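What follows is a set of notes on a single structure, which appears directly below.
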Amino acid sequence: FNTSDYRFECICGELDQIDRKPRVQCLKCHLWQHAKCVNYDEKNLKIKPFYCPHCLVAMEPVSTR
Ligand SMILES: [Zn+2]
Ligand SMILES: [Zn+2]
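Read in order, the letters of the sequence shown correspond to residues 60 to 124 in my numbering.
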């Protein structure tokens, strides 16, 4: 019974390590994406909250009745 499939990786499918490309660990859905793939940076990763683009859209209302 499929409720939530546990596939979590950055949408480019290259790496996930701040050595090469900075990465945000989207706490809201345990999704490991890149900062420079979600329009974010590692400098404020130290400070501010960080998510994958789908969680932004999901917090926003959907066009339906
Ligand atoms: Zn990426
Ligand atoms: Zn997310």
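Using N, Cα and C, we set each Cβ at its ideal position, and we do this for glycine too.
DSSP lists 82 as the beta-bridge partner residues of residue 93. Between residue 69 and residue 82 the beta-carbon gap is near 7 Å, inside 8 Å, which marks them as a contact. Ligand 1 has no heavy atom closer than 7 Å to the beta-carbon of residue 113.
As the crow flies, the alpha-carbon of residue 67 is around 11 Å from that of residue 86. In this structure, residue 114 sits away from residue 93, with a CB-CB distance that is not shorter than 8 Å.
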